[PDB]
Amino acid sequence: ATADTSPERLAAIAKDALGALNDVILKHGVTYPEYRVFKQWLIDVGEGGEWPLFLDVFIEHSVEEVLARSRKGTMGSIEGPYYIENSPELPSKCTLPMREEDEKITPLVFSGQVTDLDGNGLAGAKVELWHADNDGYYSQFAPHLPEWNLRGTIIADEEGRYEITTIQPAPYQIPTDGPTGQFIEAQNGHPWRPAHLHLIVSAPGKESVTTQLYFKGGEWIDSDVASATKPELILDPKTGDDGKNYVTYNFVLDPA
């Protein structure tokens, strides 16, 4: 990873950030024992490979909020830590890869259209979808799972539309024993994210959008540990006589 940042912009960000943290120590009268625990915890975060987790939970929302200002299309949200590039391509009307066991969960049929800002549809738009299974696991972050379970890149047809059948994910819990979980537990917090689909939607000549979609009335919807939920991102699926849940949701992309 690289960025264009000048020495002066970095100096300014650094002075503010560090000044901020020093101000917090002075405000709260942080003690030497607390400092020692803070130091060992930072070390444990790295040793337990949780920098992506901790930052995406506690920081990324502010980075998306910055990005949000320059966008007029559908609301974005954080990528989070579990995105994998180049998920296998599926047809405009498809079902995500899933195990037999996934197949016993009430189906979720997700329809809509990728369009531009004036409302014109888009040929060759791709919807990358990833989410957790009913157990709350992601493929490639759970050895039992086929590597593309509930992962795909859907090719939207000439008109910019898709019909993706999947399952509704379960809410996600940050493992309690890790440093991030330990951090949460020490302040009497909830290590939970509401159930969510992750999507990256792209089209030729267009600025891709990373977003998440949530489920009306679902638990933790009002207390996401990642501060990543937005009202505009909440789905209200309706159930069909096949007992399947149906939702339609359209994506609106900005120009590149």
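Note that residue numbering follows the sequence shown and begins at 1. Heads up, when I say rigid core I mean the largest set of C-alphas that superpose within 1.5 Å between the two forms.
Do the Cα atoms of 141 to 149 or of 166 to 174 sit farther, on average, from the shown structure in 7 other deposited structures of this protein when the rigid core is superposed?
More C-alpha displacement in 7 other deposited structures of this protein shows up in 166 to 174.
Give, as the answer, the stretch of 176 to 184 and 150 to 158 that departs more from the shown form in 7 other deposited structures of this protein; the measure is RMS Cα distance after a core fit.
With the rigid core superposed, the C-alphas that lie farther in 7 other deposited structures of this protein are those of 176 to 184.
Tell me which of 156 to 164 and 129 to 137 has the higher mean C-alpha B-factor in the deposited entry.
For C-alpha atoms only, the mean B-factor is higher in 156 to 164.
Got a sec? Mean C-alpha B-factor, which is higher, 51 to 59 or 206 to 214?
For C-alpha atoms only, the mean B-factor is higher in 206 to 214.
Whose CA atom has the top B-factor in the entry, of 65, 34, 222, 44?
Of 65, 34, 222, 44, 222 has the highest C-alpha B-factor.
Choose from 80, 119, 181, 76 the residue with the greatest Cα B-factor as stated in the PDB record.
The C-alpha B-factor peaks, among 80, 119, 181, 76, at 119.
Going by the entry, which third of its chain does the Cα temperature factor of residue 187 land in?
As the PDB entry reports it, the C-alpha B-factor of residue 187 lands in the middle third of its chain.
Would the CA B-factor of residue 69 place it in the lowest, middle or highest third of its chain?
For residue 69, the deposited C-alpha B-factor lands in the highest third.
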